[PDB]
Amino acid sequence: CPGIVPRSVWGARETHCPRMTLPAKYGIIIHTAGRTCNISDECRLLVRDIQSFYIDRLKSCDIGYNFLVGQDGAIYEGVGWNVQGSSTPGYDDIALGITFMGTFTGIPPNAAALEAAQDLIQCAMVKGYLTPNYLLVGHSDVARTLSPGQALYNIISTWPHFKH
């Protein structure tokens, strides 16, 4: 199971949103469709920016993703394990939203990032956070959106438990 830089480290704003009880029956991969980051400091600011965006512009209760993966190869805690994401209408409370920071329509995240996400996925299943036969899906498979990019979609569609 990978290391996860907590909200207390990247400077997350304190909230209190809908809690989520595990295990999750879904693992949904997302991309921010925004800029990427490839170093700690940079990535921490990017998650902070994304959160503020969710609170301020969209008026969401918090960042809409359970976890984020910077191209530094680090996993950043979004709302985390126990709190509900808000990116996939209908699925949020039964899925773990894992999103890569950046725009991967024409190019996939570097290997470091990909490794960390899967390491995170495998972990979650092993520890029962994801169900034994969890379903893996891209944002675009359940929600109408370009997320997480054809390039990235090409990769996760070869991953384990990828919903057909």
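Sequential numbering from 1, following the sequence displayed.
- As listed in the deposited structure, the average C-alpha B-factor of 134 to 142 and of 53 to 61 is greater for 53 to 61.
- Here 94 to 102 and 121 to 129 are compared by their mean Cα B-factor, and 121 to 129 comes out higher.
- Split the chain's modelled residues into thirds by C-alpha temperature factor. Residue 36 is in the middle one.
- Placement of the Cα temperature factor of residue 68 within the chain: lowest third of the modelled residues, per the deposited record.
- The entry lists a Cα temperature factor for residue 45 that places it in the middle third of the chain's modelled residues.
- In the PDB entry, residue 29 places in the middle third of its chain by CA B-factor.
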